[PDB]
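Beneath this line is the structure, given in structure tokens, with notes to follow.
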Amino acid sequence: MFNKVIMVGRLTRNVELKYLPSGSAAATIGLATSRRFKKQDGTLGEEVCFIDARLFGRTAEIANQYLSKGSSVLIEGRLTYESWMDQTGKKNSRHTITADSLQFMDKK
Amino acid sequence: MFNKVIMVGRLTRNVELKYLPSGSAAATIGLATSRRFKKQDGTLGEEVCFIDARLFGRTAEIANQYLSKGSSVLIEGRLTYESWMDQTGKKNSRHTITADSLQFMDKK
Amino acid sequence: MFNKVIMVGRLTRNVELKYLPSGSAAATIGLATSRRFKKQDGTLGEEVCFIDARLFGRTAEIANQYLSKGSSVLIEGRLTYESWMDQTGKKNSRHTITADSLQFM
Amino acid sequence: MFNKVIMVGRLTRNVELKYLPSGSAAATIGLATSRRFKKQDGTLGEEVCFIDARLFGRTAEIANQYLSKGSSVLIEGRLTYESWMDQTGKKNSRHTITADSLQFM
DNA sequence: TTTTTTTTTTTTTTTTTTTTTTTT
DNA sequence: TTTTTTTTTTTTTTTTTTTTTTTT
């Protein structure tokens with residue numbers, strides 16, 4: 001089933017690069033994407049979407065090398081549903097974006 | 001900032017159509033989108049993304065009239081970050097998709 | 001069948017706007033969007049896709065009041081295959097983008 | 001500049017595959033994707049966009065082994081503007097889609 | 001297949017063409 | 001601008017064309 005996400009945002013923190021026990025690079029970036037919209041009066045408003053994106057392999061390292069907090073970037077990937085047991089034994093779930101590619105937007 | 005979601009999925013429940021105190025129609029649908037992928041062995045796996053989509057106005061009613069539990073549909077919209085205080089006074093947040101359009105996929 | 005196009009490009013000429021009998025606007029814009037690829041035997045390349053986009057209603061109006069040659073815009077829409085005949089009966093064809101929306105940066 | 005195309009279409013002819021000097025595959029497919037619009041003065045209309053897509057590497061191979069005239073597929077890629085000259089020097093142009101990926105239903 | 005927590009302009013219709021070195 | 005909780009096939013390169021009535 002087709003699952004596609006395309007978002008332009010800026011990092012809310014520096015990218016955190018790690019290696020998984022397996023050897024694969026992994027990274028998670030925090031994105032903030034804002035939208036403007038007119039209120040039924042004439043007021044202009046804003047919604048800010050905060051969301052984490054998962055990176056793996058070469059993509060994770062590319063992100064760690066070229067992006068930093070505040071960086072602007074276009075991310076392309078899929079929507080992800082994470083479901084797991086925390087160390088307390090409590091069921092927990094999460095929605096993240098698993099990114100396939102990044103389009104750097106810092107150069108102006 | 002560009003914020004786009006395009007997902008094909010099936011409803012996990014019947015669409016729940018309501019009117020907001022303002023008069024606007026609103027509806028929320030539960031989607032399930034599954035992905036298949038090969039495991040580093042040769043096993044084929046699956047991830048299932050469960051996610052809610054918000055509909056408003058004519059879109060909400062269109063959904064309520066033509067879609068039901070198990071229905072296949074293509075949704076196009078944006079990623080949304082919901083943040084609010086529950087009736088207990090506790091901070092709560094959520095990621096949903098706010099849908100702009102629906103492409104029906106039940107007719108075969 | 002799903003048909004989506006999302007592209008960022010600069011206008012290659014000014015907006016051309018007319019009005020239909022119904023009264024709704026209809027404009028056409030010329031776009032240019034480039035891609036860099038330092039992928040080749042050795043060095044860096046550049047490809048530019050030139051293409052026209054059809055605009056309708058209030059979108060065509062917004063394009064007409066705010067865009068001009070050189071402007072950068074993001075458009076969403078679908079791919080369109082246009083065909084017709086010459087005054088000499090020679091049938092012609094063409095691909096364009098029919099935009100649903102516009103976002104200017 | 002961002003350049004995205006996502007389209008579902010049926011193949012209008014069989015897959016045409018060759019191999020480049022490097023050894024990687026390169027195929028071309030003809031697509032047709034239709035849109036319904038019961039929007040007009042009164043009744044229902046239908047438009048079909050015909051367009052060719054360029055495939056490379058293993059994607060071209062998968063297209064060659066599993067697709068044929070009539071097959072339905074979802075392709076992702078970008079819009080491409082191709083140009084060249086006649087043997088008589090007449091310069092030609094063309095729009096195609098260069099696919100990054102393929103998904104067959 | 002992979003872990004586990006606030007960044008910094010608007011929203012069916014007709015027509016028939018030549019141009020504004022950050023990774024991948 | 002808007003509420004508040006498990007559905008049912010694979011993943012820089014060259015070439016130069018005519019076809020497989022669910023809403024919007």
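Ligands are numbered from 1 in the order shown, residues from 1 within each chain, and chains are lettered A, B, ... in the order they appear in the structure tokens.
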
Task: chain A: residues DSSP assigns to strand (DSSP E or B), reported as an MDAnalysis selection string - done: chainID A and resid 3:11 16:19 25:38 44:56 72:85 91:104

TODO: Do a neighbour search on residue 54 in chain A at 9 Å with only C-alpha atoms (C1' of nucleotides), toss out local chain neighbours closer than 2 positions, and write the hits as an MDAnalysis selection string.
DONE: chainID A and resid 26:29 52 56 60 96:99

Residues of chain F at most 12 Å from chain A: nearest atom pair and distance in Å, only C-alpha atoms (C1' of nucleotides), as a Markdown table:
| residue | atom | partner | partner_atom | distance |
| --- | --- | --- | --- | --- |
| F:1 | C1' | A:39 | CA | 7.0 |
| F:2 | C1' | A:39 | CA | 11.1 |
| F:8 | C1' | A:1 | CA | 11.8 |
| F:11 | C1' | A:100 | CA | 11.8 |

Restricted to C-alpha atoms (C1' of nucleotides), what would the selected residues look like written as a PDB file, in the first residue's frame?
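Full text of result.pdb as output:
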ATOM      1  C1'  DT F   1      -8.784  25.840  12.630  1.00  0.00           C
ATOM      2  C1'  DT F   2     -12.016  22.232  13.866  1.00  0.00           C
ATOM      3  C1'  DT F   8      -7.642  -7.383   5.216  1.00  0.00           C
ATOM      4  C1'  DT F  11      12.086  -1.876  -4.112  1.00  0.00           C
TER       5       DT F  11
END

- [ ] Might you pull out every residue within 9 Å of residue 16 in chain E, with only C-alpha atoms (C1' of nucleotides) counted and same-chain residues fewer than 5 positions away left off, and present them as a PyMOL selection string?
- [x] chain C and resi 82-85+92-94

TODO: Per DSSP on the backbone, filter range 6-102 of chain D down to the residues in helix (DSSP H, G or I) and report them as a VMD selection string.
DONE: chain D and resid 57 to 66

- [ ] Would you give me, as an MDAnalysis selection string, the residues of chain B that come within 12 Å of chain D, using only C-alpha atoms?
- [x] chainID B and resid 2 6 35:36 103

- [ ] Could you jot down the CA of residue 101 in chain A to CA of residue 75 in chain A separation for me, Å, one decimal place?
- [x]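 Between CA of residue 101 in chain A and CA of residue 75 in chain A the gap is 6.0 Å.
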
TODO: Go ahead and compute the interatomic distance for CA of residue 100 in chain D and CA of residue 77 in chain D, in Å to one decimal.
DONE: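 Computing the Euclidean distance for CA of residue 100 in chain D and CA of residue 77 in chain D yields 4.8 Å.
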
What residues in chain D lie within 10 Å of chain E, counting only C-alpha atoms (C1' of nucleotides), written as a compact mmCIF listing (two decimals) with C-alpha atoms, in the first residue's frame?
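Saved the output as result_4.txt:
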# COMPACT_ATOMS: atom_id res chain seq x y z
CA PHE D 37 -14.79 14.14 -14.58
CA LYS D 38 -18.51 14.33 -14.43
CA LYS D 39 -17.99 18.05 -14.25
CA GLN D 40 -19.17 19.40 -17.61
CA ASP D 41 -22.31 21.03 -18.94
CA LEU D 44 -19.32 12.73 -17.59
CA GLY D 45 -15.94 13.08 -19.32
CA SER D 93 11.96 18.05 -27.74

- [ ] Show me which bits of chain D are within 10 Å of chain C, counting only C-alpha atoms, as a PyMOL selection string.
- [x] chain D and resi 1-10+32-36+47-51+72+74-82+94-96

Enumerate as a JSON list (two decimals) with N, CA and C atoms, in the first residue's frame the residues belonging to chain B that approach chain A to within 12 Å, with only C-alpha atoms taken into account.
[["chain", "number", "residue", "atom", "x", "y", "z"],
["B", 1, "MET", "N", 5.34, 26.21, 4.86],
["B", 1, "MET", "CA", 6.19, 25.02, 4.63],
["B", 1, "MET", "C", 5.39, 23.85, 4.08],
["B", 2, "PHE", "N", 5.95, 23.23, 3.05],
["B", 2, "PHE", "CA", 5.29, 22.12, 2.37],
["B", 2, "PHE", "C", 5.11, 20.94, 3.32],
["B", 3, "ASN", "N", 3.87, 20.46, 3.42],
["B", 3, "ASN", "CA", 3.51, 19.37, 4.32],
["B", 3, "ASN", "C", 2.51, 18.48, 3.57],
["B", 4, "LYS", "N", 2.97, 17.34, 3.06],
["B", 4, "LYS", "CA", 2.11, 16.48, 2.27],
["B", 4, "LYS", "C", 2.16, 15.01, 2.64],
["B", 5, "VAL", "N", 0.97, 14.43, 2.74],
["B", 5, "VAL", "CA", 0.79, 13.02, 3.03],
["B", 5, "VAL", "C", -0.10, 12.40, 1.96],
["B", 6, "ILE", "N", 0.28, 11.22, 1.49],
["B", 6, "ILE", "CA", -0.51, 10.52, 0.50],
["B", 6, "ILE", "C", -0.45, 9.08, 0.92],
["B", 7, "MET", "N", -1.58, 8.56, 1.37],
["B", 7, "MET", "CA", -1.65, 7.18, 1.84],
["B", 7, "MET", "C", -2.85, 6.41, 1.33],
["B", 8, "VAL", "N", -2.61, 5.14, 1.01],
["B", 8, "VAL", "CA", -3.68, 4.25, 0.60],
["B", 8, "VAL", "C", -3.82, 3.36, 1.82],
["B", 9, "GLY", "N", -5.06, 3.16, 2.25],
["B", 9, "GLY", "CA", -5.29, 2.29, 3.39],
["B", 9, "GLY", "C", -6.73, 1.80, 3.41],
["B", 10, "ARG", "N", -7.07, 1.06, 4.45],
["B", 10, "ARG", "CA", -8.46, 0.69, 4.61],
["B", 10, "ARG", "C", -8.98, 1.12, 5.99],
["B", 22, "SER", "N", -20.21, 24.76, 15.90],
["B", 22, "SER", "CA", -20.26, 25.80, 14.86],
["B", 22, "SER", "C", -21.16, 25.50, 13.65],
["B", 31, "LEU", "N", -7.36, 4.58, 9.74],
["B", 31, "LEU", "CA", -6.75, 3.94, 8.60],
["B", 31, "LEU", "C", -5.72, 2.93, 9.02],
["B", 32, "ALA", "N", -5.55, 1.94, 8.17],
["B", 32, "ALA", "CA", -4.55, 0.93, 8.36],
["B", 32, "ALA", "C", -3.86, 0.83, 7.01],
["B", 33, "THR", "N", -2.56, 1.04, 7.00],
["B", 33, "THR", "CA", -1.80, 0.93, 5.76],
["B", 33, "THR", "C", -0.71, -0.05, 6.05],
["B", 34, "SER", "N", -0.58, -1.08, 5.22],
["B", 34, "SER", "CA", 0.45, -2.08, 5.44],
["B", 34, "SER", "C", 1.52, -2.05, 4.37],
["B", 35, "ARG", "N", 2.72, -2.35, 4.82],
["B", 35, "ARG", "CA", 3.88, -2.37, 3.97],
["B", 35, "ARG", "C", 4.52, -3.76, 4.10],
["B", 36, "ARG", "N", 5.05, -4.26, 2.99],
["B", 36, "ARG", "CA", 5.76, -5.52, 3.02],
["B", 36, "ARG", "C", 7.24, -5.20, 2.80],
["B", 37, "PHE", "N", 8.13, -6.04, 3.31],
["B", 37, "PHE", "CA", 9.56, -5.81, 3.14],
["B", 37, "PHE", "C", 10.32, -7.10, 3.41],
["B", 40, "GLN", "N", 16.54, -9.28, 6.13],
["B", 40, "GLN", "CA", 17.91, -9.56, 5.75],
["B", 40, "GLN", "C", 18.22, -11.05, 5.50],
["B", 46, "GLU", "N", 6.18, -7.46, 7.44],
["B", 46, "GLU", "CA", 5.16, -6.44, 7.30],
["B", 46, "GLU", "C", 5.14, -5.49, 8.48],
["B", 47, "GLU", "N", 4.84, -4.23, 8.16],
["B", 47, "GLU", "CA", 4.66, -3.20, 9.15],
["B", 47, "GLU", "C", 3.23, -2.70, 8.88],
["B", 48, "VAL", "N", 2.45, -2.44, 9.91],
["B", 48, "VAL", "CA", 1.12, -1.90, 9.68],
["B", 48, "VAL", "C", 1.05, -0.55, 10.36],
["B", 49, "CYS", "N", 0.75, 0.48, 9.59],
["B", 49, "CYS", "CA", 0.64, 1.79, 10.17],
["B", 49, "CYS", "C", -0.82, 2.11, 10.46],
["B", 50, "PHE", "N", -1.13, 2.36, 11.72],
["B", 50, "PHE", "CA", -2.49, 2.72, 12.12],
["B", 50, "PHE", "C", -2.40, 4.20, 12.36],
["B", 51, "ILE", "N", -3.39, 4.93, 11.87],
["B", 51, "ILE", "CA", -3.38, 6.38, 12.00],
["B", 51, "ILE", "C", -4.78, 6.94, 11.72],
["B", 52, "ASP", "N", -5.15, 7.99, 12.45],
["B", 52, "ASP", "CA", -6.43, 8.65, 12.28],
["B", 52, "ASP", "C", -6.34, 9.85, 11.33],
["B", 72, "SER", "N", -11.47, 0.58, 1.08],
["B", 72, "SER", "CA", -10.14, 0.95, 0.61],
["B", 72, "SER", "C", -10.25, 2.39, 0.09],
["B", 73, "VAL", "N", -9.27, 3.22, 0.41],
["B", 73, "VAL", "CA", -9.32, 4.62, -0.03],
["B", 73, "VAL", "C", -7.94, 5.27, -0.06],
["B", 74, "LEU", "N", -7.77, 6.22, -0.97],
["B", 74, "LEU", "CA", -6.53, 6.96, -1.03],
["B", 74, "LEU", "C", -6.79, 8.31, -0.38],
["B", 75, "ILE", "N", -6.00, 8.63, 0.62],
["B", 75, "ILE", "CA", -6.17, 9.90, 1.29],
["B", 75, "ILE", "C", -5.00, 10.81, 0.98],
["B", 76, "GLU", "N", -5.32, 12.08, 0.75],
["B", 76, "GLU", "CA", -4.32, 13.08, 0.51],
["B", 76, "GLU", "C", -4.55, 14.24, 1.49],
["B", 77, "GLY", "N", -3.51, 14.60, 2.24],
["B", 77, "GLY", "CA", -3.64, 15.72, 3.16],
["B", 77, "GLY", "C", -2.32, 16.16, 3.72],
["B", 78, "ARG", "N", -2.35, 16.52, 5.00],
["B", 78, "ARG", "CA", -1.15, 16.98, 5.68],
["B", 78, "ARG", "C", -0.96, 16.29, 7.03],
["B", 79, "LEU", "N", 0.25, 16.32, 7.56],
["B", 79, "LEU", "CA", 0.50, 15.74, 8.86],
["B", 79, "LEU", "C", 0.16, 16.79, 9.92],
["B", 80, "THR", "N", -0.53, 16.35, 10.96],
["B", 80, "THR", "CA", -0.97, 17.24, 12.02],
["B", 80, "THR", "C", -0.52, 16.86, 13.43],
["B", 81, "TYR", "N", -0.14, 17.88, 14.19],
["B", 81, "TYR", "CA", 0.28, 17.69, 15.57],
["B", 81, "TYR", "C", -0.76, 18.32, 16.50],
["B", 82, "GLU", "N", -1.50, 17.47, 17.21],
["B", 82, "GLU", "CA", -2.53, 17.91, 18.15],
["B", 82, "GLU", "C", -1.93, 17.96, 19.57],
["B", 83, "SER", "N", -2.21, 19.04, 20.29],
["B", 83, "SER", "CA", -1.68, 19.27, 21.63],
["B", 83, "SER", "C", -2.81, 19.85, 22.46],
["B", 93, "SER", "N", -0.78, 14.91, 23.61],
["B", 93, "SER", "CA", -0.48, 15.27, 22.22],
["B", 93, "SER", "C", -0.76, 14.13, 21.26],
["B", 94, "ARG", "N", -0.88, 14.48, 19.98],
["B", 94, "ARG", "CA", -1.24, 13.50, 18.98],
["B", 94, "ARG", "C", -0.82, 13.87, 17.56],
["B", 95, "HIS", "N", -0.53, 12.85, 16.76],
["B", 95, "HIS", "CA", -0.21, 13.02, 15.35],
["B", 95, "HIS", "C", -1.35, 12.42, 14.56],
["B", 96, "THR", "N", -1.96, 13.23, 13.72],
["B", 96, "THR", "CA", -3.03, 12.75, 12.86],
["B", 96, "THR", "C", -2.80, 13.30, 11.45],
["B", 97, "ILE", "N", -3.61, 12.85, 10.50],
["B", 97, "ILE", "CA", -3.54, 13.38, 9.15],
["B", 97, "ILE", "C", -4.82, 14.20, 8.97],
["B", 98, "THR", "N", -4.68, 15.42, 8.46],
["B", 98, "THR", "CA", -5.86, 16.21, 8.17],
["B", 98, "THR", "C", -6.01, 16.05, 6.66],
["B", 105, "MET", "N", -11.51, 3.57, -3.46],
["B", 105, "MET", "CA", -10.95, 2.40, -4.12],
["B", 105, "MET", "C", -11.74, 1.10, -3.86]]
